[PDB]
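Colleague: One structure follows; several queries about it will come next.
Computed from the coordinates by the stated procedures, all read-outs in this text should not be read as laboratory data. No Cβ is skipped: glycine too gets one built from the backbone with ideal geometry, and neighbour counts run over all protein chains shown.
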Amino acid sequence: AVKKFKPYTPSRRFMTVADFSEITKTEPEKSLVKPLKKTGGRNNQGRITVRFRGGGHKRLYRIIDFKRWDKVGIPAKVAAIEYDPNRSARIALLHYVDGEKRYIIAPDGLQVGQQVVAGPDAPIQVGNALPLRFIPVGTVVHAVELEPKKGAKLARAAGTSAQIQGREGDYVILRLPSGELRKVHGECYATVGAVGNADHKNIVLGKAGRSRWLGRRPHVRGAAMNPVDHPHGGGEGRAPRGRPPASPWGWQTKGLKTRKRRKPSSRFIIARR
Amino acid sequence: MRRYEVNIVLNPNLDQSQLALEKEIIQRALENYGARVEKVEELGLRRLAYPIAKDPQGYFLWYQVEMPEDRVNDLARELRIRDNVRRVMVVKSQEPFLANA
Amino acid sequence: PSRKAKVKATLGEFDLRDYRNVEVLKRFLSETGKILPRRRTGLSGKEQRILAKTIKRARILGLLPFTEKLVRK
Amino acid sequence: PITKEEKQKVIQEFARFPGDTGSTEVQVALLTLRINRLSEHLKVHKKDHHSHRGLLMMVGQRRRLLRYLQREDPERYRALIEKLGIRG
Amino acid sequence: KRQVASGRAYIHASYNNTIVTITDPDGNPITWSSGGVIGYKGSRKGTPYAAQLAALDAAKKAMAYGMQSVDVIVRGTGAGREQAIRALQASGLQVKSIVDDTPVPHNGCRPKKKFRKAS
RNA sequence: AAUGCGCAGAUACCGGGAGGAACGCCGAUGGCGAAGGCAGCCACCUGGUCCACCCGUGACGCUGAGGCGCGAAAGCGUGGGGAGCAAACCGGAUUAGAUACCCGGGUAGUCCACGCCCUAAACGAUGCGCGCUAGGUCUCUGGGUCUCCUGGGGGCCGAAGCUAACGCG
Ligand SMILES: [Mg+2]
């Protein structure tokens with residue numbers, strides 16, 4: 001449902017922007033708790049570590065909660081759905097029936113009024129959060145914790161979904177959004193339903209200024225430099241790639257694997273990628 | 001309305017307690033969608049030809065559900081989920097035919 | 001079409017739309033499971049189409065193998 | 001489908017005397033009630049082109065009767081427009 | 001090992017070879033024979049003569065182990081299906097009835113151009 | 001016959017598992033649609049169509065220059081899937097040469113949503129609606145008083161008559 005423009009300037013015949021009909025009767029901000037004020041900074045205590053960042057608008061952070069075991073057996077209500085500039089998914093607000101209000105990354109198709117609940121004995125429809133040894137085989141699951149009591153970590157961004165392959169013994173097998181197969185402990189919480197906001201990959205930024213609005217300085221190439229800094233460069237003329245592709249610090253950048261082969265977590269992957 | 005009926009083939013490991021509760025689930029959810037049993041018959045543990053889930057036998061059902069047309073296609077989802085119900089299908093009913101007298 | 005058994009006049013009052021009585025339509029998948037052509041029975045078209053239709057109904061819910069084997073070959 | 005009771009109420013809704021099974025005014029109304037219900041589910045589906053031509057086969061039937069109805073009395077013709085609610 | 005006298009025997013040709021397998025009646029095979037065991041190259045392999053030769057090479061092992069009660073299933077047609085059934089009684093071996101296999105694909109996989117010559 | 005494949009265990013042999021596309025006998029000189037065309041089973045939502053009684057209206061009819069909709073397969077834009085098959089292409093063989101016919105591999109595409117292309121041996125090589133002119137034989141579907149009289153759809157032989165002839169009838 002992406003809205004697209006007419007060419008009344010040289011930089012608006014390609015610009016598109018998503019539609020915002022999902023955002024409901026909301027958009028003031030929550031009270032003395034949740035948000036907080038957050039820090040912008042391109043570098044550590046000292047010098048630059050990640051190149052080419054810094055700039056753009058002003059931005060606050062809303063405390064959305066991933067560990068969901070802390071209130072079991074208590075039903076809740078979906079109040080409103082608003083829009084969060086840190087991550088790429090739409091977030092929703094939950095009232096509990098005893099007075100706590102918390103934000104949640106919203107799955108595919110929740111509406112205002114509908115009930116959501118967690119716990120080891122909750123029914124299976126879109127929204128409910130359950131430990132993994134109870135969920136049937138072949139569903140679509142998001143916000144999957146890895147090994148228990150450590151917060152939701154996997155498959156939680158903008159229209160992606162893990163998939164239960166099959167139980168065996170104490171561990172269950174997930175197919176991941178990259179594509180590989182991992183063994184995960186049974187006592188990890190999860191949440192049934194795809195994430196939604198699927199259309200995010202189909203907007204075209206149009207001009208050179210609404211890249212800068214997001215926080216990204218312009219990105220110099222490597223052949224347009226001297227030899228004192230990048231390995232490419234020099235070349236009176238326009239040089240042909242010079243003896244094979246390289247990174248500014250020495251290592252190579254076509255085909256080389258950097259996973260530590262000694263790592264303890266190689267017992268759990270079959271790696272299907 | 002119409003003259004519906006249903007065949008349900010069930011798990012043959014069904015003796016005194018799960019039999020009663022997974023007949024009352026069928027009966028009361030039938031009434032929750034709104035349906036009127038008249039010709040309940042269920043016909044025991046009987047045989048099958050080809051190995052439906054490794055078992056050469058299974059239990060059987062028959063009702064004469066009077067259902068409104070609005071939810072006949074989507075009342076199947078109390079039966080999609082429970083694996084222990086094996087086969088589920090729902091047909092109309094008639095008989096104007098008797099030949100070779 | 002030669003007649004060696006002629007199963008039409010052999011059995012009397014029957015029912016085609018019924019798919020509970022497997023004792024009638026056990027003879028009508030004769031050996032392998034193949035539904036039989038009209039040269040065997042002699043039934044006309046509006047009976048033979050629903051004779052095929054009831055075997056295709058009852059062929060789902062067990063009671064009929066529809067795939068299996070003959071051993072004299 | 002279309003049950004017994006709406007077809008059996010529109011006939012004496014648009015009858016002149018209470019006896020007739022159908023006449024020049026009420027067969028227009030039967031075609032109008034079939035149009036008003038067939039036209040809706042095309043918005044749901046938009047790919048039953050056979051039902052599309054079935055729609056067109058009777059629009060050009062009821063309009064070809066409305067052509068004749070004017071050829072006797074035009075105030076009698078103006079009865080049915082405001083009575084059915086067709087073609088503003 | 002010199003086990004129980006019951007056994008199964010699954011035979012097949014395709015068009016231009018023939019093999020015979022001998023199997024324990026609730027499990028694993030014992031001794032398979034083929035046409036490359038005999039010593040034939042190209043044609044002379046899928047011939048109606050090399051059926052009984054393989055079915056008589058496959059008796060020196062079923063006799064040397066404890067096997068005296070056969071079943072036989074046949075898989076398809078070729079050059080050699082007609083003669084191994086006669087070759088069983090060359091060793092005797094208490095033969096039983098003759099078993100169908102060879103499924104119809106039931107409108108399954110598309111065949112090659114060689115079988116779409118028949119449109 | 002070779003190129004390929006296998007002794008780090010292949011082919012065939014058994015029981016579970018993932019995964020697409022296609023639906024065996026029924027089936028034919030069979031039916032349905034305005035034409036292209038359509039076959040596993042289940043329900044939902046819908047157009048068209050023939051017969052029986054013969055109930056009411058009352059000529060409302062037939063054909064259509066331009067307008068609008070439908071339109072196999074290959075092909076093209078935007079995202080999903082990929083087992084088999086498979087244009088381009090690299091091999092093996094054949095041959096005087098073989099950019100081909102035969103064998104082993106092999107992507108786009110064939111598949112699913114949404115927007116466009118609009119061609120044919122789109123063929124009964126037969127515009128459409130109605131009225132008159134001997135009959136045989138089989139088959140499909142209704143009303144029946146069902147050795148058959150009747151109202152329609154699908155084939156094969158034949159009166160008169162037609163055509164340059166073959167032939168339709
Ligand atoms: Mg270098």
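Colleague: Sort out which residues of the stretch A:145-189 are of a type in the set (A, V, I, L, M), in contact with a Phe, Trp or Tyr (Cβ under 8 Å, 6 or more places away or on another chain) and farther than 14 Å from A:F268 by Cα, and write them in order of number.
Modeller: Within the stretch A:145-189, just A:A152 meets the criteria.
Colleague: When the stretch E:96-119 is examined, which residues are found to be free of Cβ contacts under 8 Å to residues at least 60 places away in the same chain and within 14 Å of the chain's Cα centre (by Cα)?
Modeller: Within the stretch E:96-119, E:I98, E:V99, E:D100, E:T102 meet the criteria.
Colleague: Another question, then. Can you name every residue in the stretch C:33-46 that is touching a residue at least 24 places away in the same chain (Cβ under 8 Å), within 13 Å of chain B (Cβ to nearest Cβ) and either among the hydroxyl-bearing types (S, T, Y) or buried (at least 16 other Cβ atoms within 10 Å of the Cβ) (or both)?
Modeller: Within the stretch C:33-46, C:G33, C:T41, C:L43 qualify.
Colleague: In the stretch A:263-273, what residues are more than 16 Å from RNA strand F (Cβ to nearest atom) and among the hydrophobic types (A, V, I, L, M, F, W, C)?
Modeller: The answer is A:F268, A:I269, A:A271.
Colleague: Name the residues in the stretch D:1-15 that are farther than 17 Å from D:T32 by Cβ and either of a type in the set (S, T, Y) or in contact with a helix residue (DSSP H, G or I) (Cβ under 9 Å, 6 or more places away or on another chain) (or both), would you?
Modeller: D:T3
Colleague: Return the residues of the stretch A:74-89 that are in a loop (DSSP other than H, G, I, E, B) and within 27 Å of A:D121 (Cβ to Cβ); say none if nothing qualifies.
Modeller: A:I74, A:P75
Colleague: Would you mind stating whether D:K4 is out of contact with any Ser or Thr (no Cβ under 9 Å at 6 or more places or on another chain), within 12 Å of RNA strand F (Cβ to nearest atom) and under 28 Å from B:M1 (Cα atoms)?
Modeller: No; evaluated as a whole, the condition is false for this residue.
Colleague: For a quick check of your reading of the model, give me the residue pairs whose first member lies in the stretch C:49-65 and is within 10 Å of chain B (Cβ to nearest Cβ), whose second is hydroxyl-bearing (S, T, Y), with beta-carbon atoms closer than 6 Å and at least 6 apart or on different chains.
Modeller: Qualifying pairs under 6 Å: C:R57/C:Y19; C:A58/C:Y19; C:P65/B:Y50.
Colleague: Another one. Identify, from the list E:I85, E:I73, the residue that is in a helix (DSSP H, G or I), within 16 Å of E:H12 (Cα to Cα) and of a type in the set (V, I, T).
Modeller: One residue alone meets the criteria, E:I85.
Colleague: Which one is farthest from C:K73 (Cα to Cα), of the residues in the stretch C:1-32 that are within 13 Å of chain B (Cβ to nearest Cβ) and among the small types (G, A, S)?
Modeller: Among residues in the stretch C:1-32 that are within 13 Å of chain B (Cβ to nearest Cβ) and among the small types (G, A, S), the one farthest from C:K73 (Cα to Cα) is C:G12.
Colleague: So, one more: Of the numbered conditions (1) within 19 Å of A:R51 (Cα to Cα); (2) surrounded by 10 or more Cβ atoms within 10 Å (Cβ to Cβ); (3) within 11 Å of the ligand (Cβ to nearest atom), A:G250 fails exactly one; give the number of that condition.
Modeller: (2)
Colleague: So which of A:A106, A:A122, A:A89 ends up being surrounded by 17 or more Cβ atoms within 10 Å (Cβ to Cβ) and out of contact with any strand residue (DSSP E or B) (no Cβ under 7 Å at 6 or more places or on another chain)?
Modeller: A:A122
Colleague: Kindly indicate whether A:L93 is in contact with a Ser or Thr (Cβ under 8 Å, 6 or more places away or on another chain) and on the phi < 0 side of the Ramachandran plot.
Modeller: So A:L93 passes the test.
Colleague: I want to confirm something. Restricting to the stretch A:20-53 and keeping residues that are in contact (Cβ under 8 Å) with a residue 60 or more places away in the chain and among the polar types (S, T, N, Q), which single residue is farthest from A:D199 (Cα to Cα)?
Modeller: Filtering the stretch A:20-53 for residues that are in contact (Cβ under 8 Å) with a residue 60 or more places away in the chain and among the polar types (S, T, N, Q), the one farthest from A:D199 (Cα to Cα) comes out as A:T26.
Colleague: I'm told B:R71 meets every condition in (1) farther than 30 Å from C:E13 by Cβ; (2) of a type in the set (K, R); (3) out of contact with any helix residue (DSSP H, G or I) (no Cβ under 7 Å at 6 or more places or on another chain) except one. Can you identify the failing condition by its number?
Modeller: (3)
Colleague: Is it the case that the stretch E:48-69 has a residue that's outside any loop (DSSP other than H, G, I, E, B) and either near RNA strand F (Cβ under 8 Å from one of its atoms) or within 14 Å of chain C (Cβ to nearest Cβ) (or both)?
Modeller: No, every residue in the stretch E:48-69 fails to be outside any loop (DSSP other than H, G, I, E, B) and either near RNA strand F (Cβ under 8 Å from one of its atoms) or within 14 Å of chain C (Cβ to nearest Cβ) (or both).
Colleague: Further question on the same structure: In the stretch D:1-40, which residues are closer than 23 Å to D:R76 by Cα and either assigned to a loop (DSSP other than H, G, I, E, B) or touching a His at 6+ places or on another chain (Cβ under 6 Å) (or both)?
Modeller: D:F14, D:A15, D:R16, D:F17, D:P18, D:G19, D:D20, D:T21, D:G22, D:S23, D:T24, D:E25
Colleague: Determine the pairs where a residue that is within 11 Å of chain C (Cβ to nearest Cβ), located within the stretch E:74-89, has a partner that is surrounded by fewer than 17 Cβ atoms within 10 Å (Cβ to Cβ) and not aliphatic (A, V, I, L, M) with Cβ atoms under 9 Å apart, the partner being 6 or more residues away or on another chain.
Modeller: E:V74/C:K73; E:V74/E:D100; E:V74/E:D101; E:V74/E:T102
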